[PDB]
Each structure stands twice: as structure tokens, then as C-alpha cells.
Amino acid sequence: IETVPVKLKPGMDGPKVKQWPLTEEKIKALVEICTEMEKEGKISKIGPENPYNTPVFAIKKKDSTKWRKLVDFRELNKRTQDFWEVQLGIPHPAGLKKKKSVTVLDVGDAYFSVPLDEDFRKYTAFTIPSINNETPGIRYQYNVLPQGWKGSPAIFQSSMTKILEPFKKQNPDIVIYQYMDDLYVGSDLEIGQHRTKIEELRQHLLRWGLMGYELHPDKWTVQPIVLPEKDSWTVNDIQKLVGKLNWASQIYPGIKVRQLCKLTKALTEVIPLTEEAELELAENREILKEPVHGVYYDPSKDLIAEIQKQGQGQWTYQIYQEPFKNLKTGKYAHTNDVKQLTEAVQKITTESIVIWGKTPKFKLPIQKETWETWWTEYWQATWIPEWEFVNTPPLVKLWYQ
């Protein structure tokens, strides 16, 4: 009943983003989903007096047969921040990431309960397109907290807390974190025990409206830049070897590339290892597997993530706020480059969320057009991260093998 007076940022204006062209089947899917939704009064038709728009996509449940409507509130979110972040921000517990097992529950189906501030519904306008633009296209707006909008959880906390309260008291060691449509609940319990506690939780939620994701963040480890062990180096081998050693130099204070250096010359020519040699990498090896010195998460400076294509279903990635001072770096491995990259992103984003409570902005090594064409075809998550397209500097790809 009580509606929370949502108020856009001072000056800023509603979103006006074009609807991306959708395939026939997703349209059919959406027209069905939406006819149902308005039937149940969650959304309403809207006239041309509403100039706003947000893109909408169709995704398939959890690689199943059932379609799920997905709204792209990226833009609306950027213009509502102050509200969802500084206003009713949700605190991020550092404890989460240390737990043995974290389950991810989709609890977005609960927002449809709470009504949206009538005065704010207009900015949640969205369009269902049609093939070849033969029919004008169906325009709706939300009458209730929409799923992909950071405003919802912010507004739903009072309820969520109420809901989770009893369970939290009976399980004060269990950590629960909320981030856009999803609950992250983690414990140090043994698998079976944990899983029971999730079900026991599921029944609590059920009383307010309906083994999700098995996650083990404590077992997440750094992908140390690795130096070859070889056995008999050549000019080339050592050359490339100092190459990346130099790169690492720019990160990991203490890396020493000299000794190797002093060691005109043919490319194929093999060369003996120097007493001063082993000394080097040996120590360079020591560091590298250790965490960066001096680098720290700055809660006010958002995270940027890069991914390089190492070919062969292999993908390296780093996460950082200032180029080269990275908080984390890992790996990931019918499958296609775009299929895998879409998974790599979701994987990277989920971890990011667990750790810092926010998504990174991705530097995707692909063609915008190509990504925008296909990304939705393999996407499953309920959120969308900020991305951006770029070109993997040849040498980079190599220094992260």
C-alpha cells in the first residue's frame, strides 16, 4: 500500500533508449509474457504522451524451455543512483566472500507485490518491437517494482529484512546479501547441511511469494602470471622472458629483470643459465604468486574488467580500478567465442558482486555489432553490466598466459 516516493536525480531526465531489434521468437515470447503481466495488472498500456523508453530482451530461464523477460535498466539506474545507492543503499558484508559455500537465489518475483510510485511509473516505459516495423509496436509501463531496476531492492529492504529476520536469528552465522533480484546466502556448513538451510530458507520466502547456485568463493585463487621452467633457454626464450618480466615490473613492486638481461646475437642460439640467473626469476617467482603490494579497493571508484581471448576455450581476465593496479585476476574455460565470452562475463560479474558488491565495466575484445547481435542468445543472469569494446594489445594477451 505505502508507496515510496521515488524521485529522479536533480536535473537529469528519464531514459530514452531505442529498442534493439529482436528475433521473431523472442517477440512472440514477449507478447505472451506481457499479455499475462498486464492481465495481472503489473504493467499497463501507455499513450504517446510518454516519450521514455528502455530496451527489453527475452532470455531463457536457466538454460531451460521457459522464456524470461529481461529489461535493460542500465540507463535508468545511472539516473537514479543517488536514490538506490546514497539514499537507500544496501551495505555489502565482507564476510560473504570468506564462506565455504554461497548459494544464489532469484527472489525478484517478489517485487511485483509492492506498487511503484505512480509519479515514477512513466520512466519505466518500454517497447515491444515488431518484425520489419510492420506494426507500430506495443508500449507498456510498470505499475509495480520492476525487476532489473536497482530501485526495487532499495525499496524492498524493509520487507526483505522482515522476511529474513526469523531465519537470520536461528542462523546467526549464515550471511545473506541482496543484489538486484538475487539473494546471496553463504555458510561454512558442510554441503548437505548448507543445502538444507537453503531449502529451510526457501520455505520462509515462500510465505511471501516464491539449491539455486552452488558457489565456493573461499576457494577462489589468484591466477599468478607464470614464468616458463624450460630447461635450456634461447635468446628468444630469454628475450620473451624479460619481456613479460618487464611488464610485471610495472606491477608487483620489486620485480627485477636485469641479471637476466646481460645474457648482436642470433635468435635461435641457445644459452647457458647464469648463477645470477636462477637467483632472479627464482625470486621473481616468489613474488607474483604473492598478492600485489600497495593495491586496495576504493569503494568510491568503480571496477573495470578486461578479458583476453587465449584461444582454446581459455580466457584470462583482470579486475582493477586504476590500470595495472588490479584487485583480482583469474581464468575461465556447442561452444563459440561469443558463447564462452558471455559466460566469462557472467562468471566474472558474479564473483565481483560477491567480493565488492558491485559489477565491473567490461572491456570486451569483440565487435560491438557482433556482441549486441548474439550476447542475449546465451545470457542467463538477471542483471546487465556496463561494457565497452576494445582491441587486445598483442603483448598483453601473452603476459597473462
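Start at 1 and count along the sequence shown; that's the residue number.
- According to the entry, the deposited sequence places 1 to 3 unmodelled residues between residue 263 and residue 264.
- Per the record, residue 210 and residue 211 are separated by 10 or more deposited residues that are missing from the model.
- Looking at mean Cα B-factors across 78-86 and 171-179, the upper value is held by 78-86.
- The stretch with the higher mean CA B factor, choosing between 223-231 and 180-188, is 223-231.
- Comparing the listed residues 21, 393, 385, 15, the entry records the largest Cα B-factor for 393.
- Highest C-alpha temperature factor among 359, 65, 346, 35 per the entry: 65.
- In this PDB entry, the Cα temperature factor of residue 252 sits in the top third of its chain's modelled residues, the highest group.
- Split the chain's modelled residues into thirds by C-alpha temperature factor. Residue 69 is in the middle one.
- When the modelled residues of the chain are ordered by C-alpha B-factor, residue 216 sits in the highest third.
- The entry lists a Cα temperature factor for residue 368 that places it in the middle third of the chain's modelled residues.
- Ranked against the other modelled residues of its chain, the C-alpha B-factor of residue 306 as given in the entry falls in the lowest third.
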